[PDB]
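Encoded as C-alpha coordinates, the following chain is the form deposited in one PDB entry, with no partner shown.
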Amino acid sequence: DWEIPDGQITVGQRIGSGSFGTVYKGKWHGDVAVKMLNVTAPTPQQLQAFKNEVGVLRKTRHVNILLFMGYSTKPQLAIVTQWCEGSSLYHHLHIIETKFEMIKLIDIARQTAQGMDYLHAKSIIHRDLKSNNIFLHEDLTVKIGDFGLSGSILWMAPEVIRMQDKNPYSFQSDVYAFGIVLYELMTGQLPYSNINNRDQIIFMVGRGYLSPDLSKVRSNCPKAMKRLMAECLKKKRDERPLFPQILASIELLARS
(Lines give C-alpha, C1' and ligand atoms only; values in the text may rest on other atoms or scores of the structure.)
Protein backbone atom coordinates (compact mmCIF):
# COMPACT_ATOMS: atom_id res chain seq x y z
CA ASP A 1 0.00 0.00 0.00
CA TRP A 2 1.06 3.54 -0.82
CA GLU A 3 0.42 5.59 2.29
CA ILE A 4 3.86 6.35 3.63
CA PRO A 5 4.18 5.79 7.42
CA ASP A 6 3.65 8.98 9.47
CA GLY A 7 6.65 11.27 9.99
CA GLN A 8 9.21 9.68 7.69
CA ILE A 9 9.38 12.23 4.88
CA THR A 10 12.01 14.93 5.33
CA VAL A 11 11.64 18.17 3.36
CA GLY A 12 14.85 19.77 2.00
CA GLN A 13 15.31 22.58 -0.53
CA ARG A 14 12.34 24.27 -2.24
CA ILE A 15 12.18 23.78 -6.03
CA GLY A 16 8.95 25.43 -7.15
CA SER A 17 5.53 26.38 -5.85
CA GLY A 18 2.18 27.71 -7.03
CA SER A 19 -1.54 27.73 -6.22
CA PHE A 20 -1.82 23.93 -6.60
CA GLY A 21 1.16 22.72 -4.50
CA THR A 22 4.74 23.35 -3.38
CA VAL A 23 7.63 21.12 -4.48
CA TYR A 24 10.75 20.20 -2.49
CA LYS A 25 13.74 17.97 -2.91
CA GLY A 26 13.34 15.67 0.08
CA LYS A 27 14.41 12.46 1.79
CA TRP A 28 12.58 9.13 2.02
CA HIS A 29 14.70 6.01 1.44
CA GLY A 30 17.12 8.23 -0.51
CA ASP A 31 16.44 11.22 -2.74
CA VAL A 32 12.78 11.88 -3.62
CA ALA A 33 10.66 14.79 -4.79
CA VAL A 34 7.79 15.92 -2.58
CA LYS A 35 4.63 17.77 -3.60
CA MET A 36 3.03 19.28 -0.51
CA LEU A 37 -0.02 21.30 0.26
CA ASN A 38 1.81 23.86 2.43
CA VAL A 39 -0.97 25.81 4.17
CA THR A 40 -2.84 22.97 5.89
CA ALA A 41 -6.52 22.60 6.84
CA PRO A 42 -7.34 22.08 3.13
CA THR A 43 -10.33 22.93 0.93
CA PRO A 44 -12.61 20.04 -0.13
CA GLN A 45 -11.41 21.12 -3.62
CA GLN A 46 -7.71 20.81 -2.75
CA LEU A 47 -8.44 17.45 -1.11
CA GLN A 48 -10.05 16.41 -4.43
CA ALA A 49 -7.08 17.54 -6.58
CA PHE A 50 -4.88 15.50 -4.26
CA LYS A 51 -7.09 12.40 -4.49
CA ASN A 52 -7.22 12.85 -8.29
CA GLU A 53 -3.46 13.01 -8.81
CA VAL A 54 -2.88 10.08 -6.45
CA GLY A 55 -5.58 8.11 -8.32
CA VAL A 56 -3.88 8.62 -11.68
CA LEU A 57 -0.30 8.19 -10.42
CA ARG A 58 -0.90 4.94 -8.53
CA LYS A 59 -1.97 3.43 -11.85
CA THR A 60 1.42 4.05 -13.49
CA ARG A 61 4.37 1.67 -13.50
CA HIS A 62 6.49 2.51 -16.55
CA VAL A 63 10.07 3.65 -17.19
CA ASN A 64 8.97 6.70 -19.15
CA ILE A 65 6.51 8.01 -16.54
CA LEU A 66 7.93 9.69 -13.43
CA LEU A 67 7.93 7.16 -10.56
CA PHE A 68 5.21 7.76 -8.00
CA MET A 69 6.49 6.39 -4.69
CA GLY A 70 3.63 7.00 -2.27
CA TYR A 71 1.57 9.62 -0.43
CA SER A 72 1.05 11.05 3.03
CA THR A 73 -1.65 12.92 4.94
CA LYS A 74 0.00 13.66 8.30
CA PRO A 75 0.96 16.24 9.07
CA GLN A 76 -0.03 17.43 5.57
CA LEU A 77 -1.08 16.15 2.14
CA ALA A 78 1.96 15.11 0.13
CA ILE A 79 2.90 13.24 -3.04
CA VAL A 80 6.30 11.56 -3.08
CA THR A 81 8.03 10.63 -6.35
CA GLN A 82 11.57 9.63 -7.37
CA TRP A 83 14.18 12.37 -7.59
CA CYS A 84 15.56 13.08 -11.04
CA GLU A 85 18.80 14.81 -11.84
CA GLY A 86 18.72 16.55 -15.23
CA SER A 87 16.39 19.09 -16.86
CA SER A 88 13.32 19.37 -19.09
CA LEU A 89 13.37 19.10 -22.90
CA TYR A 90 12.25 22.72 -23.05
CA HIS A 91 15.27 23.86 -21.08
CA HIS A 92 17.67 21.94 -23.35
CA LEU A 93 16.13 23.12 -26.62
CA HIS A 94 15.24 26.73 -25.84
CA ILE A 95 17.40 27.97 -22.99
CA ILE A 96 20.83 26.29 -23.09
CA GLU A 97 20.38 25.34 -26.78
CA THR A 98 21.78 21.82 -26.47
CA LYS A 99 22.50 20.33 -29.87
CA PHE A 100 21.57 16.66 -29.90
CA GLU A 101 22.50 14.46 -32.82
CA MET A 102 19.62 13.17 -34.99
CA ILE A 103 19.69 9.59 -33.66
CA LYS A 104 19.21 10.97 -30.13
CA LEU A 105 16.36 13.31 -31.14
CA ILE A 106 14.59 10.25 -32.51
CA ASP A 107 15.34 8.38 -29.30
CA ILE A 108 13.73 11.19 -27.24
CA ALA A 109 10.60 11.10 -29.43
CA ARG A 110 10.41 7.32 -29.19
CA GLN A 111 10.56 7.29 -25.38
CA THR A 112 7.95 10.07 -25.12
CA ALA A 113 5.66 8.01 -27.35
CA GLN A 114 6.37 4.86 -25.26
CA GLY A 115 5.19 6.89 -22.26
CA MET A 116 2.17 8.45 -24.00
CA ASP A 117 1.15 5.05 -25.37
CA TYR A 118 1.19 3.65 -21.82
CA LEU A 119 -0.96 6.46 -20.33
CA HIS A 120 -3.51 6.07 -23.11
CA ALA A 121 -3.62 2.29 -22.58
CA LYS A 122 -4.52 3.02 -18.92
CA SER A 123 -7.12 5.52 -20.21
CA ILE A 124 -5.19 8.58 -19.05
CA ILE A 125 -5.35 11.74 -21.10
CA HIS A 126 -2.33 13.86 -20.25
CA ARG A 127 -4.03 17.12 -21.31
CA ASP A 128 -0.82 19.16 -21.03
CA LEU A 129 1.91 17.51 -23.07
CA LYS A 130 4.68 19.99 -23.85
CA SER A 131 8.48 19.84 -23.89
CA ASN A 132 8.65 21.28 -20.36
CA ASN A 133 6.70 18.25 -19.11
CA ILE A 134 9.26 15.92 -20.71
CA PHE A 135 12.17 15.57 -18.28
CA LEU A 136 15.60 14.32 -19.38
CA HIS A 137 16.87 12.14 -16.55
CA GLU A 138 20.68 12.38 -16.75
CA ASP A 139 19.92 13.72 -20.25
CA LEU A 140 19.22 10.10 -21.26
CA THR A 141 15.90 8.56 -20.11
CA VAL A 142 12.71 10.54 -20.71
CA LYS A 143 10.22 10.98 -17.85
CA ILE A 144 6.78 12.29 -18.63
CA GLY A 145 4.83 14.10 -15.94
CA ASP A 146 3.02 17.27 -15.08
CA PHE A 147 5.76 19.50 -13.71
CA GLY A 148 3.64 22.69 -13.49
CA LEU A 149 1.84 24.48 -10.64
CA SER A 150 -2.16 29.26 -20.66
CA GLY A 151 1.58 28.70 -21.00
CA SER A 152 0.68 25.59 -23.00
CA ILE A 153 -1.03 27.36 -25.92
CA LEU A 154 1.67 26.39 -28.43
CA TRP A 155 0.86 22.70 -27.88
CA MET A 156 -2.93 23.11 -28.10
CA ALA A 157 -4.83 21.45 -30.88
CA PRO A 158 -7.28 23.76 -32.70
CA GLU A 159 -10.23 22.03 -30.93
CA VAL A 160 -8.59 22.72 -27.56
CA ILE A 161 -7.36 26.26 -28.25
CA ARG A 162 -10.89 27.29 -29.36
CA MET A 163 -12.28 27.31 -25.77
CA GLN A 164 -15.37 25.25 -26.66
CA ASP A 165 -17.89 24.39 -23.93
CA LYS A 166 -17.98 20.58 -24.32
CA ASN A 167 -14.72 18.98 -23.05
CA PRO A 168 -12.31 19.10 -26.01
CA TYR A 169 -9.57 16.79 -24.67
CA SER A 170 -8.98 13.39 -26.23
CA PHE A 171 -6.20 10.96 -27.14
CA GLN A 172 -5.95 12.89 -30.40
CA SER A 173 -5.33 16.25 -28.72
CA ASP A 174 -2.36 14.66 -26.87
CA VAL A 175 -1.12 13.48 -30.28
CA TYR A 176 -1.32 17.03 -31.61
CA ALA A 177 0.86 18.13 -28.67
CA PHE A 178 3.30 15.33 -29.47
CA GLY A 179 3.45 16.65 -33.03
CA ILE A 180 4.50 20.06 -31.69
CA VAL A 181 7.16 18.43 -29.50
CA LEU A 182 8.37 16.76 -32.72
CA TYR A 183 8.52 20.14 -34.42
CA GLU A 184 10.47 21.44 -31.41
CA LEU A 185 12.93 18.54 -31.78
CA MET A 186 13.28 18.68 -35.56
CA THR A 187 13.51 22.47 -35.96
CA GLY A 188 15.14 23.22 -32.60
CA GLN A 189 12.70 26.08 -31.93
CA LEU A 190 9.18 27.07 -30.85
CA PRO A 191 6.45 27.58 -33.44
CA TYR A 192 5.13 31.03 -34.46
CA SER A 193 8.20 32.87 -33.19
CA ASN A 194 7.53 35.65 -35.70
CA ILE A 195 4.16 36.49 -34.08
CA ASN A 196 4.36 38.56 -30.88
CA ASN A 197 0.64 38.61 -30.04
CA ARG A 198 -0.85 35.84 -27.89
CA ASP A 199 -4.54 36.50 -28.73
CA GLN A 200 -3.61 36.50 -32.41
CA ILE A 201 -1.97 33.03 -32.19
CA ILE A 202 -4.97 31.65 -30.23
CA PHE A 203 -7.40 33.05 -32.81
CA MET A 204 -5.49 31.88 -35.85
CA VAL A 205 -4.52 28.38 -34.81
CA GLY A 206 -8.13 27.98 -33.69
CA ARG A 207 -9.63 28.99 -37.05
CA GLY A 208 -7.04 26.89 -38.92
CA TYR A 209 -5.56 30.01 -40.52
CA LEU A 210 -2.22 29.36 -38.87
CA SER A 211 -0.30 26.13 -38.74
CA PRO A 212 3.31 25.32 -37.84
CA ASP A 213 5.87 25.97 -40.62
CA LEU A 214 7.00 22.47 -41.54
CA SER A 215 9.66 23.66 -44.03
CA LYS A 216 11.91 24.67 -41.11
CA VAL A 217 12.74 21.01 -40.33
CA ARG A 218 16.46 20.27 -40.88
CA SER A 219 17.63 18.36 -43.97
CA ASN A 220 19.27 15.51 -42.00
CA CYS A 221 15.78 14.82 -40.63
CA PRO A 222 14.35 11.59 -42.17
CA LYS A 223 11.50 12.18 -44.64
CA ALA A 224 9.31 9.60 -42.85
CA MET A 225 9.66 11.62 -39.63
CA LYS A 226 8.51 14.87 -41.24
CA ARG A 227 5.59 12.88 -42.61
CA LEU A 228 4.63 11.48 -39.18
CA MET A 229 4.79 14.99 -37.71
CA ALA A 230 2.42 16.41 -40.39
CA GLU A 231 0.10 13.44 -39.79
CA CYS A 232 0.15 14.29 -36.05
CA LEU A 233 -0.66 17.96 -36.68
CA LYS A 234 -3.74 17.36 -38.85
CA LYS A 235 -6.57 19.81 -38.14
CA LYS A 236 -9.13 17.01 -38.36
CA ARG A 237 -9.11 15.29 -34.96
CA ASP A 238 -9.74 11.73 -36.26
CA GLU A 239 -7.18 11.83 -39.08
CA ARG A 240 -4.45 11.97 -36.41
CA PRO A 241 -2.66 8.67 -35.66
CA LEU A 242 -3.02 7.13 -32.23
CA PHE A 243 0.01 6.31 -30.11
CA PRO A 244 0.43 2.61 -31.02
CA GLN A 245 0.63 3.70 -34.68
CA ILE A 246 3.05 6.57 -33.90
CA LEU A 247 5.35 4.29 -31.91
CA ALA A 248 5.28 1.65 -34.67
CA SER A 249 6.21 4.36 -37.24
CA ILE A 250 9.07 5.72 -35.11
CA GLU A 251 10.46 2.24 -34.40
CA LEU A 252 10.29 1.55 -38.16
CA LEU A 253 12.51 4.46 -39.29
CA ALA A 254 14.65 4.07 -36.12
CA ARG A 255 16.32 1.26 -38.09
CA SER A 256 17.68 3.50 -40.88
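Quick note: we count residues from 1 along the sequence shown, nothing fancier. So that the term is clear: the rigid core is the largest set of C-alpha atoms that superpose within 1.5 Å between two forms.
The next section is about a form of this same protein that is not shown, the form solved in complex with a partner chain.
Comment: its partner chain is not present in this chain, but in the entry with it bound one of 197, 48, 220, 215 has a heavy atom within 4.5 Å of it, namely 197.
Put simply, residue 152 is close to its partner chain in the entry with it bound: some heavy atom of it is within 4.5 Å. Contact check for residue 186: no non-hydrogen atom falls within 4.5 Å of its partner chain in the entry with it bound.
With a 4.5 Å cutoff on heavy atoms, residue 94 counts as touching its partner chain in the entry with it bound. Taking the partner from the other structure, its partner chain in the entry with it bound has a heavy atom within 4.5 Å of a heavy atom of residue 161. Here the rigid core is superposed between the shown form and the other one, and of 170, 98, 141, 76 the C-alpha of 76 is the only one to shift by 2 Å or more. Residue 41 is among the residues whose C-alpha shifts by 2 Å or more between the shown form and the other one once the rigid core is aligned. Annotation: Cα of residue 241 displaced by less than 2 Å between the shown form and the other one, core superposition. Relative to the superposed core, residue 215 undergoes a C-alpha shift smaller than 2 Å between the shown form and the other one. Inter-residue distance, residue 134 to residue 45 (Cα): increased by at least 3 Å in the entry with it bound versus the depicted form.
Shown here is a form in which the CA atoms of residue 134 and residue 53 lie at least 3 Å closer together than they do in the entry with it bound.
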